[PDB]
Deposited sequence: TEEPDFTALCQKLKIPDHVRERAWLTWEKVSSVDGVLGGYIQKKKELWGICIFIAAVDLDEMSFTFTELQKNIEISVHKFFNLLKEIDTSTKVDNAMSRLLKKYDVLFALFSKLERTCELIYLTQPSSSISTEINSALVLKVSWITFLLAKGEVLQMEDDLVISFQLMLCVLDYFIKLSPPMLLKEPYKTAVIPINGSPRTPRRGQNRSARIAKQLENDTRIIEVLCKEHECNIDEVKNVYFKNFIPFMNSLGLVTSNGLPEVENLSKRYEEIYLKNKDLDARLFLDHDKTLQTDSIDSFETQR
């Protein structure tokens, strides 16, 4: 009496039999859009039974839903405290990451010149720096670190590092001037209105362990992040770089998530 499309979804997610059964019973309860609700029931069952055979991103890609919409759907279902906590934790992880990534994207736009490609020249964009600094930041955050403010000060340390390795001909003002010493970190702070001392502290006892007590090429760094993501079974934060639908929101969904 399971729908075949439900059975197939469970197969894609490697769901063991007891989890699949519990998820279906959950659906029958809630059942008193189908595929999204099924994914939610699978998540509820997997969390309640301590048997997660998939990552949250994987589940999302299968049912084609954003984090916020998932949250707003789930919150309307009576669930256990365990489930409530799991979902709240994921929501916070996502909101922190989304906030930090938005900031990274905006800051890069202020640091680096942009130029469309033409007959005379190749396109100049910050895709390479975005990718490497984001992944490097992702690795650093999980190493020596949720909690947005300290995370952001750490992101500035990562930004400082990559600015220093950057060609000045690719820098916008005032960053170009700042590379003609402790100058860059000051520019960043005097732009984002941060406590320089606290950022310095994070630099020393957070950032600086990480970069040795741990630059390989990007693909290597990506592979290391992937191992940690697969282990934690939450979100593949690299997908932010692709503006993956699973990680996009709209203003209305976001607002509802807080209500």
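Against the full deposited sequence, the model leaves out several stretches, namely 33-42, 156-158, 194-218, 253-259.
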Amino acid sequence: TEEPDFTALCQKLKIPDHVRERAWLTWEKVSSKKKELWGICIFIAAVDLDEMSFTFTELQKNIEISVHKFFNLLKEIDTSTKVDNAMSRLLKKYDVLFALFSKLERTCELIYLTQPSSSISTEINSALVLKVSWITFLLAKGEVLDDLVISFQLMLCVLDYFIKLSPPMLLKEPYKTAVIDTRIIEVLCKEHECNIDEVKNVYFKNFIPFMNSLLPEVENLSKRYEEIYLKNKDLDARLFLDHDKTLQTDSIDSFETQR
From here on, numbers count along this sequence of modelled residues.
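Mean CA B-factor, 228-236 versus 188-196: the higher value falls on 188-196. Annotation for 52-60 versus 23-31: the higher mean temperature factor (C-alpha) is found in 23-31. Sorting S121, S88, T81, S102 by the CA temperature factor given in the entry leaves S121 at the top. Residue set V132, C108, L145, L74: peak C-alpha B-factor at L145 (per PDB entry). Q258 sits in the middle third of its chain by CA B factor, as recorded in the PDB entry. Ranked by C-alpha B-factor against the other modelled residues of its chain, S222 falls in the middle third. Among the modelled residues of its chain, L215 has a C-alpha B-factor that falls in the highest third, as given in the PDB entry. Annotation for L37: CA B-factor lies in the middle third of the chain's modelled residues. In the PDB entry, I208 places in the highest third of its chain by CA B-factor.
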